[PDB]
Every structure is written in C-alpha cells, then in structure tokens.
RNA sequence: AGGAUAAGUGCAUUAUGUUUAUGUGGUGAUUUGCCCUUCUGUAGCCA
RNA sequence: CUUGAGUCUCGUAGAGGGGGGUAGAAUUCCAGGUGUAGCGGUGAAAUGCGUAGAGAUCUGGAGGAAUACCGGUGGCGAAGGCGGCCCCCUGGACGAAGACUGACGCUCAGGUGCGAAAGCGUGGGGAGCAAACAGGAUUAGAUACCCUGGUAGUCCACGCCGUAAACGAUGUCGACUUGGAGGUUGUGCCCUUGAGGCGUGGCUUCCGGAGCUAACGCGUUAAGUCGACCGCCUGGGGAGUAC
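Chains as they are written, first to last, in the UniProt record's numbering: chain E, 2 to 129; chain H, 2 to 89; chain A, 1 to 135; chain G, 2 to 167; chain P, 2 to 71; chain D, 2 to 75; chain X, 2 to 121.
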C-alpha cells in the first residue's frame with residue numbers, strides 16, 4: 002500500500018495552499034503535490050506503493066499513490082487544493098478520491114494532457 | 002493561370018478584334034500564352050512534374066490545330082508558326 | 001479583379017508600424033486596378049496564446065481587391081514583414097471583403113478587449129486615420 | 002416453382018448414380034447421389050442432380066430438381082432449328098447451322114441424353130467442364146430462344162404481328 | 002480526457018465519463034505499432050463506420066418483434 | 002412575394018453565417034464546447050456547406066490566435 | 002365503371018408516411034417528394050385500378066375460392082376487413098410462405114388439428 | 001478560450017486485446033444401381 | 001455542318017505539384033529553483049536508467065521531424081500518388097451565361113516525360129523511434145515471440161534503371177441502358193427560409209432491376225449493350241530467375 006514519506010503534523014515551509022499534478026500512463030501514475038507558486042511539497046507513485054504489472058495502472062493502484070503523497074504534504078500544512086490532470090492513463094478520478102479523504106477541497110480538474118501535435122512516430126513493438 | 006489582360010492583348014492582335022477566341026489562329030495564340038506563364042514557374046526548382054503533364058496536353062493540341070491549319074489556309078499557317086516561334 | 005480578405009495581427013511595441021504600411025498598400029491598389037472594399041482596424045485584442053510573450057496583439061482586416069501582378073507585390077512584402085506576428089489571407093472562391101457577421105465582434109474587440117497606450121493611438125490610425133509613415 | 006415444356010407421360014432417364022460421404026460423430030453426411038435427365042422421348046427441357054438418405058429418395062430428389070428448382074431456356078416441338086452457341090453456369094455447347102435430322106454422333110452415354118433433350122437434330126462440339134453430370138445442358142445454352150418449331154415459316158412467325166403493327 | 006471544464010466545483014470524483022472535445026478521434030485504432038501517412042484514412046478513421054452498426058442495433062430490435070423472432 | 006438566389010441570409014437559417022469565414026470568433030464558437038475546442042459533426046449540427054468550410058476555418062482561426070490551439074490554453 | 006376510381010383516391014390521400022426513397026422498378030407511378038416524404042402519383046394509379054377490378058369480376062364465375070396471402074404482423078387487420086365471408090379465406094397475423102406444392106403435409110396437419118380440436 | 005458565466009453538455013486502458021513450446025505418411029460399415037411410387041411436381045396431363 | 005471536339009472571361013471546391021510564410025504541445029535537452037527513491041518495461045519480467053539526487057514538477061531558453069482534433073463512406077492528382085493551414089507561381093477538375101472556331105475526331109507500335117517505400121549520388125537535418133550489434137526475457141530451443149539500449153535509417157532538396165500487392169487485383173476513351181439515396185458542390189424555380197423540395201449537371205459511395213458471374217460480387221463511374229485501336233495470355237514444378 003505505502004513506503005516511507007514525510008510527516009502528517011510538523012512544520013516546514015508553512016505555505017497553507019498548493020496545486021497537485023497527476024501524470025497518468027498505461028503502466029504507472031506519478032502524483033506530485035506542489036506549491037501554488039511552483040515548488041514540490043511531496044510525491045508518491047503506484048509502483049512505490051507496491052504494485053507491478055498491468056495492476057500498477059488500475060484505479061485502486063492510482064488511489065493508493067494519491068493517498069500516499071496527500072499524507073506527507075500536511076508537514077508543509079496545505080489546507081486548500083487545486084488540481085491538474087495530465088494523461089490518458091487509467092483512474093483519473095480515484096486519485097481525487099484520495100486527496101479529498103486527506104481533507105482537501107478539490108477546486109477544478111484542469112486538463113493539460115501531454116498530447117503533442119502528433120509528434121514523433123511511435124515504437125514498432127508488435128505486429129497489430 | 003491566364004490573365005484577363007494577357008487574354009485582351011491576344012484577342013485584339015490575333016483572330017478578329019471583337020471576342021473571337023475559338024478560331025484556329027487565335028486558339029494557338031492562347032495556348033502559347035499559358036506556356037509562357039508555365040516557363041516562368043520552371044525557373045524555380047525542376048521537380049515541377051504535375052504541371053508538366055498539363056504543358057504536354059497544351060503543346061500537343063496546339064500542334065494538332067497547326068496540322069489542321071496547314072491543310073486549310075496557307076497564309077494563316079506560315080504566319081502563325083513563324084511569328085510565335087512554335088514547334089520547338 | 002481577384003479578392004483577398006487579408007486579416008493579420010501585430011505585436012504591441014510594433015503597432016506604430018501599421019498606419020504607414022496599410023497606406024502604401026492602398027495607393028498601390030487604387031493606383032493599379034483594384035479596390036479597398038472596407039479597411040477595418042480592430043484595435044488591440046486578447047490572444048488565446050501569448051506569441052513572442054505578452055497575451056495581447058492588435059488586429060487589422062484590410063478587405064483588399066488587386067490584380068494578379070499587384071497582389072504578387074504586396075504579398076512578397078507582407079510575407080517578409082517584421083511587424084506582423086501572424087496573418088491569414090483567403091482565396092477568390094467565395095471571398096468576403098464586403099459585409100460580414102463579425103460586425104459586433106469587431107466593435108467588441110475595440111470596446112472591451114483593448115489596452116490603452118501610445119501604440120494604441122496608432123491602432124485608430126491603422127485603418128481610419130491613416131498617415132503615411134513606416135513599413 | 003420453375004415451369005417446363007409439355008410431355009403427357011415421362012421417362013426417368015437416369016444416366017448416372019453415385020454415393021457421397023464424410024461420416025463422423027454427431028452431424029454427418031452418409032447419403033446417395035443420382036443424376037437424371039427428364040423427358041418424353043423426343044424433346045423436353047429438364048435436368049436434375051439430387052441426393053438423399055438412401056437410393057429411393059436420391060432418385061426422387063433428382064427427378065424433382067429436373068422438373069422444378071432449376072433455371073432452363075425453353076423449347077418448342079421435339080426438334081431443333083435455332084442452332085447457336087452459349088454458356089450456362091460455365092458449361093459451353095456450340096452448334097453451327099447445318100442439316101436437321103441426320104448426322105447424329107456423340108460418344109459414351111450422350112447420344113441417349115440428346116434424344117430426350119430435342120437437340121439430336123443439330124449438334125456440335127462441347128467445351129468447358131467435360132463431365133456427364135453437367136454437360137447435358139444442350140437444349141439450354143445451345144438454344145438461346147424460348148421456341149424453335151419445325152415449320153421454316155418461324156422467321157415470318159414474329160414478322161406477321163410486326164407488319165400488322167405497321 | 003477529463004476535459005478542461007465538466008463539473009461545478011469538484012467533489013471526490015473528477016467526472017471523466019461525461020465530456021470530451023476531440024482528443025484523439027481519427028489517429029489511434031491500434032496500440033504498440035508504428036505510424037503511417039496514407040494508411041490512417043481507412044485503417045484508423047472508422048468513426049462513421051462504427052455509427053452504421055449503432056443505427057443497425059436500434060433497427061434490428063423492432064424487426065425481430067415484427068418477424069416474431071422475439 | 003420575394004426570392005433571393007446564390008447569396009447570404011436565406012436558405013438553411015442563413016448563408017451569411019459560417020459561409021467560409023474564420024476571422025470571427027463567434028460563428029466558430031456556436032460549434033465549440035466549453036473546453037475551447039471543436040467537437041464531432043453530430044454535436045455541432047452544422048449545415049453541409051458550413052462543415053466542408055469549417056474544417057479549413059477552425060485551422061485558419063486556431064493559427065491566427067482566435068481559438069486556443071493547444072492544451073495549455075484549452 | 003367510375004366506382005374503382007373513388008376508392009383509389011379515397012385510400013390514396015394518406016400521401017405516404019415513408020422517406021423520399023422508393024423501389025427503382027416502381028418509378029413510373031411515383032410523384033416527387035414533399036419535404037422528404039414519398040407521394041404516389043394519384044391520377045396515374047386510377048387507370049390501372051379500373052382495369053384490375055374488371056378482371057377480378059370476370060373470374061367470379063370461374064372462382065373456386067380465394068386465398069389472402071402476404072399476411073404479417075401489420076397487414077392482418079386490413080385482410081380481416083377485406084374478406085367479409087368464408088367464400089374467401091384468411092389468416093390473422095403471419096403467413097407461412099408456400100403451401101401449394103407440399104399440400105401432402107398441409108392436408109395431414111389439418112386432419113391432426115380437427116381430430117384433437119374435437120377431443121378438447 | 002470573449003466569458004471558464006465550471007456556459008456553447010453527448011463517455012472513461014482514447015475502444016481494433018491475445019510471448020501462452022511441439023509430435024512422419026496413406027487408407028476407413030447406411031450397400032453390387034444385380035436403383036420403390038414418377039403419383040398436376042410443367043401450356044396438354046399421368047403411375 | 002454540329003451531332004464530335006477545341007477556346008475566352010465569370011462563378012465554386014480541394015492534402016495535386018514546385019518555392020515562400022507561420023503557431024503551439026509532449027518526448028528529448030540545458031539552466032536555475034523545489035523535492036525524495038525508485039523510474040521504466042510487461043501476460044509477470046529482467047536487461048536499461050538512477051542516490052554524482054533519478055522519476056515527477058515550477059520558470060525560461062533550446063533544438064528538429066511532425067501537425068492530433070474539424071477528419072468522413074470526405075476531397076484532390078495521370079494509376080501508383082497527395083494530410084496543419086495559408087500565400088506566390090501554376091497545373092487539372094466542377095458549374096453557368098454571353099461569344100467564338102467547325103471532324104481540327106478515336107485509338108495508339110515507336111516514343112519522350114513522370115517514384116509509394118526503402119535503395120541511392122552529393123548536400124542539409126537527425127527530437128523521438130529503429131535494422132544491425134549488444135544484453136535480457138520467452139522455451140522441446142529462441143535467429144521468430146516480447147523488452148531495453150543503440151548506430152545507420154526514418155526527414156528534406158534535386159538526381160538514377162520508376163520498383164512493387166504500380167488498385168476497381170477490372171486498358172483507353174466514347175455512345176447507349178429502370179433508378180433510388182448518402183457525402184458534397186455550380187445553378188434555375190419555392191415563404192431559398194426545415195444541411196429541406198422540385199428543374200439540371202458534378203465528383204464520390206451505398207443499395208439493387210434487365211443483363212453478366214463458377215462463387216463471392218458487379219450493375220448507369222458495369223463486372224450490361226457495344227464501338228473502334230492497343231497491351232497481353234495459352235498447365236504445373238523449376239523461373240519472373242537464366243541467357
């Protein structure tokens with residue numbers, strides 16, 4: 002479910018507020034909570050929560066990553082939150098469910114997906 | 002493509018000076034005039050093949066209408082081919 | 001004879017260049033067998049993305065007619081111009097250099113989406129109070 | 002279903018009979034096949050290949066497939082006089098315009114098929130599939146009109162309605 | 002994907018089942034494979050094509066009742 | 002009574018509204034969802050005319066900074 | 002016998018309900034759509050219908066019995082109204098296509114029905 | 001995005017997913033036709 | 001002569017070609033700031049990368065192919081061919097009025113001309129992906145499968161025999177033969193006022209009647225009725241190679 006993190010209760014930069022970022026891929030989600038003017042206040046992942054395989058991208062693996070970072074960032078003491086989502090990777094709602102159980106008010110799901118303007122040709126990999 | 006003002010020189014000078022465009026002497030003169038616009042383009046790079054297909058239509062037909070013209074009236078034929086420097 | 005509904009926008013610090021450039025385009029058009037249908041300056045506007053930084057730019061819709069020869073001379077100038085950040089210019093096939101359903105949306109741009117400056121005195125000179133000056 | 006010429010009383014000219022199989026557990030084939038050409042002993046259209054659970058049904062299938070459930074091009078009287086080529090379902094029979102009645106020669110069982118078919122009067126070579134299960138089509142592809150009667154005034158037959166229509 | 006505006010002041014969901022602009026709608030039909038220039042037009046762009054089967058499905062339900070094959 | 006042929010403001014609802022143009026944000030925006038972006042033809046219910054031209058006009062516009070092209074502006 | 006022409010107009014004035022698509026092989030008797038609904042030419046069907054209704058009259062002295070076929074889940078009530086007798090026979094809802102050549106079976110199931118209908 | 005008025009509403013790994021080892025060749029019970037109904041199953045009309 | 005064909009301005013659509021212009025986003029990268037251990041890969045995985053502070057993330061710059069979406073049974077080209085969008089040059093099509101010539105026609109050995117792709121001569125470019133080569137993983141083995149690094153390549157410009165699955169797997173063009181409708185476009189008539197109906201063309205496509213096919217299927221853009229002229233075939237293996 003979890004691995005080592007910052008505290009729930011002490012003091013560090015004492016910022017009162019942040020923005021959160023969910024980087025969702027086909028295999029992992031990276032959830033990194035940041036300062037509202039642009040400096041990281043903590044991170045987790047679904048693989049650093051103890052999931053592997055296809056299972057690393059399921060909504061319940063996206064959840065436990067999000068609840069892992071969301072704990073840690075109370076040492077910097079957030080009280081209100083806004084969120085960015087950036088990817089087509091699964092469980093884009095389950096990570097929000099965890100941030101609201103950490104006590105946060107969720108203030109817009111601002112889509113800034115990392116899709117290019119087509120970009121580069123993709124890997125050969127498989128035959129269909 | 003052929004301007005109205007290039008068409009107006011050509012109409013006034015060759016065939017009848019009131020809107021004759023279809024007579025064989027003047028029809029040659031029009032095709033020639035669009036060749037000249039196309040030879041201005043082909044001073045750029047020389048992969049201009051999708052227009053060259055179209056040049057070959059205009060040339061061949063011009064040449065068909067000169068074969069028709071030498072079977073008819075000989076003055077129109079020797080004037081036309083010599084005054085526009087055609088068949089090259 | 002051909003119609004080109006040319007619309008463009010210009011960077012704020014450079015907007016001083018446009019009142020002069022348009023008046024050199026109008027005298028080359030009316031001097032040789034085309035028309036200025038309307039020439040509308042739109043004022044300073046909010047972009048939908050900052051270009052070359054800064055989230056505002058100043059828009060002019062020229063509403064040009066010119067022959068094939070003339071339009072060839074204005075367009076090589078306009079394409080290598082430096083004041084324009086970007087432009088889009090349309091074809092003779094169903095062209096609309098006269099009367100549009102953007103009549104409301106122009107008035108709005110000058111009225112509500114502008115930023116009032118010295119460059120923007122120049123914005124009113126850009127298509128209504130024309131003086132010959134720059135390129 | 003499919004309509005044919007006149008006859009009175011019929012001859013079941015069975016020219017060939019065979020047996021099929023693909024026997025296995027549950028759904029299977031184990032039936033018989035039979036081939037018959039139906040006619041009146043001078044000239045009629047009708048050709049049927051059919052199959053069933055045993056020899057009695059096999060033949061009754063085949064006699065039904067001649068008389069119905071089959072596309073044919075028609076004949077009139079037990080004699081031919083519109084000798085022309087043709088194709089029906091790949092099978093090609095060619096007949097060049099020549100004498101009626103006499104000259105009849107065709108190998109194997111085919112001289113007997115031609116007597117019930119009505120085209121033993123004018124006939125020429127076959128091409129396409131050369132098997133006796135499919136080349137019996139003589140009175141079909143080899144006759145591209147719906148009547149070919151024995152009076153030579155046949156070519157004035159449609160004429161007499163056309164010039165009265167004038 | 003979630004798309005930039007869909008719900009009135011978020012709750013514990015994100016409501017991604019609901020709205021979309023045009024985020025990949027002609028360019029992706031097969032994963033783990035290379036891209037092409039002319040192939041996408043018939044290989045990948047089946048959006049109209051899959052609407053023929055949605056139309057047939059609302060059609061075939063009535064016709065099964067009239068035939069009484071329901 | 003009256004008729005008009007091959008011109009603006011009659012047939013369909015109007016032929017002077019999304020003829021071909023791109024310089025107006027509003028004609029494009031009748032056909033744009035709240036995320037600032039183009040949606041399918043079923044969604045928009047544009048006349049056939051208005052769509053074969055709207056395919057060029059939404060790109061023209063995006064490119065002239067009338068619409069927000071990209072996802073950092075959506 | 003103007004009487005056939007009254008009924009054709011009296012029926013025909015529903016002006017269709019189906020889209021402006023029609024069977025190509027019917028094209029002669031079809032008038033142009035009004036706002037995407039098919040409309041038959043009403044006048045062009047009135048000469049056909051009078052020829053048909055006299056031919057039906059001539060067979061009345063030949064007649065054995067009539068069989069109304071083409072019945073289905075929407076056409077049955079319209080056949081119910083047509084027959085007004087048991088000199089003319091019909092079904093209500095559906096019809097099994099073909100009876101004419103496998104009559105052998107069909108008469109054998111009629112005998113099974115009436116035996117077991119009398120026991121019931 | 002003019003406007004986020006969460007408006008202009010119509011979908012979520014952007015649905016087209018699938019390493020999962022292989023094993024020579026041909027043959028074989030619904031029958032010798034030493035073949036049950038053709039019977040209105042053809043414009044006449046029949047078993 | 002027009003009944004065949006050819007031509008001028010007007011009106012209309014499009015990714016045809018060649019050269020110009022132009023915006024923004026991921027990967028990739030550098031910098032500064034913040035911040036802590038996995039990231040990645042997959043059916044599970046190791047190889048790879050990372051504590052020299054990776055991954056993610058804020059701000060700003062970089063750099064080069066590509067250009068999503070509207071996008072579709074769509075549209076353009078001579079078949080293959082062509083995809084952001086526009087201009088400049090210019091080809092080709094599609095409508096319609098005024099006006100013009102009057103078989104100037106059809107087909108096409110010979111023929112010159114012309115590339116999907118890679119290959120390729122020399123030049124620019126290489127962010128991502130990737131043959132090989134390395135090493136994992138797969139398994140009766142693993143060159144195939146599936147993965148990671150990674151170089152040439154992919155990407156442009158002109159050039160060389162235009163190669164092929166060079167397409168409707170269907171020669172050309174043209175006359176003739178029941179249509180209906182979608183997509184989508186000139187235009188005559190209607191309250192243009194319903195992407196609408198009717199008059200008449202247009203490409204592109206579904207459906208199906210006479211007819212055509214062995215079967216699927218084709219059917220007004222034929223695979224029907226034909227017409228002229230050309231290209232080409234005559235069982236397989238061996239061989240599309242040899243000479």
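For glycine and all other residues, C-beta sits at the position ideal for the given N, C-alpha and C.
query, result
"Contacting residues, own chain, Cβ-Cβ under 6 Å from residue 89/X (five flanking each side not counted)", "67"
"Span of the alpha helix (DSSP H), counted from its first residue to its last, around residue 66/P", "48-67"
"Anticipated Cβ contact below 8 Å, residue 11/P with residue 110/E, distance rounded", "6 Å"
"Simplified DSSP state of residue 45/A, which is helix, strand or coil", "strand"
"Neighbour list for residue 24/D in chain A, Cβ cutoff strictly below 8 Å", "5, 7, 61, 88, 100 and 102"
"Supposed close pair residue 88/G, residue 41/G - CB separation, criterion 8 Å", "Their Cβ separation, rounded to whole angstroms, is 26 Å, which puts residue 88/G and residue 41/G out of contact at 8 Å."
"8 Å contact criterion, which residue 96/G and residue 123/G should meet: CB distance rounded", "5 Å"
"Of the listed residues 26/G, 13/G, 11/G and 30/G, nearest to residue 20/G (C-alpha basis)", "30/G"
"From 67/E, 58/E, 41/E and 45/E, residue whose alpha carbon lies closest to that of residue 97/E", "67/E"
"Local conformation of residue 49/G per DSSP, three classes", "strand"
"For residue 22/P, the nearest candidate out of 71/D, 34/D and 43/D (CA to CA)", "34/D"
"Own chain partners of residue 101/G with C-beta closer than 8 Å, once the 5 adjacent residues on each side are dropped", "80, 81, 82, 122 and 123"
"Delimiting residues of the alpha helix (DSSP H) encompassing residue 104/X", "104-120"
"Residue 72/E to residue 103/E span [Cα, whole Å]", "7 Å"
"Partners in chain D for residue 49/A, counting only beta-carbon separations shorter than 9 Å", "66, 69, 70, 71, 73 and 74"
"Min CB distance residue 68/A to chain H below 7 Å", "yes"
"Boundaries of the beta strand (DSSP E) in which residue 33/G is found, first to last residue", "33-40"
"Beta-carbon gap between residue 113/E and residue 25/D smaller than 7 Å", "no"
"Beta-carbon separation (whole angstroms), residue 50/E vs residue 74/E, contact threshold 8 Å", "That belief does not hold up - the Cβ atoms of residue 50/E and residue 74/E are roughly 16 Å apart, past 8 Å."
"Nonlocal neighbours in the same chain, by C-beta distance under 8 Å from residue 139/G, ignoring five residues either side", "94, 114, 115, 118, 120 and 124"
"Residue from 60/G, 33/G and 90/G whose Cα sits closest to the Cα of residue 23/G", "33/G"
"Rounded distance between the beta-carbons of residue 2/P and residue 17/P, thought under 8 Å", "6 Å"
"Buried or exposed by the 16-neighbour rule on C-beta atoms within 10 Å, applied to residue 46/H", "exposed"
"According to DSSP, residues forming a beta bridge with residue 24/E", "31/E and 87/E"
"Cβ separation of residue 38/G and residue 14/G, assumed to be a contact under 8 Å, to the nearest whole Å", "5 Å"
"Within chain E, the residues that residue 31/P reaches when beta carbons sit closer than 7 Å", "129"
"From 79/H, 40/H and 21/H, residue whose alpha carbon lies closest to that of residue 53/H", "40/H"
"Beta-bridge partners of residue 15/G, as assigned by DSSP", "37/G"
"Residue interval of the alpha helix (DSSP H) (run including residue 76/A)", "68-79"
"Residue-level contact to chain P via CB, residue 60/D, 7 Å cutoff", "no"
"Span separating the alpha-carbon of residue 44/H from that of residue 37/H", "12 Å"
"Minimum Cβ-Cβ distance from residue 15/P to chain E less than 7 Å", "yes"
"Closer than 7 Å to chain D by CB, residue 22/P", "yes"
"Buried versus exposed call for residue 27/G [16 or more other C-beta atoms within 10 Å across all chains shown]", "exposed"
"Integer-rounded CB distance, given that residue 65/A should sit under 8 Å from residue 34/A", "4 Å"
"Contacting positions in the segment 17-42 of chain D - beta carbon closer than 7 Å to chain A", "17, 18, 20, 21, 22, 23, 24, 25, 26, 27 and 28"
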